[PDB]
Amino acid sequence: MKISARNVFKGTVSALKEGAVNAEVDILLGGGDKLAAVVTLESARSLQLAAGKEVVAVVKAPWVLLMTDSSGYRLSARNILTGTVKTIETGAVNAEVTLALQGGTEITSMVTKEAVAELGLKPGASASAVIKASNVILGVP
């Protein structure tokens, strides 16, 4: 696909839970990682989402938070993907951070320049990408 989102992950539906107006879709990524997404029930049905369906998960860079220390907090954001900072491209007030994940999957996040300083992000650094389930778009081939 030619889409602006910097994150386009391939995977397979491992389970679906249909709600009233939304549906929760659990996805197993190409390399061990798991994601959850909430999409409208009309999309889950239109896309024919079911266990075993191959899909792509699409996440824009400004929808990914970065965390270097949870400090014992447990978050509601269902998607926590841990890796190492690969590249940092700094702009004026924002910076594009790409992390390398387990298996070689990369994830890019757009965060303020002040976050980069405060978390100590630099190539090599451990960090986790955090993505709320409602910020994941799914796609079917």
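One rule holds for the numbers: they count along the sequence shown, beginning at 1.
When 119-127 is weighed against 5-13, 119-127 comes out higher, by mean CA B-factor as recorded in the entry. Higher average CA B factor: 98-106, of the stretches 39-47 and 98-106. The top Cα temperature factor in the record, among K34, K60, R78, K53, falls on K34. Annotation for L29: C-alpha temperature factor in the highest third relative to the rest of the modelled chain, per the entry. Ranked against the other modelled residues of its chain, the C-alpha B-factor of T84 as given in the entry falls in the middle third.
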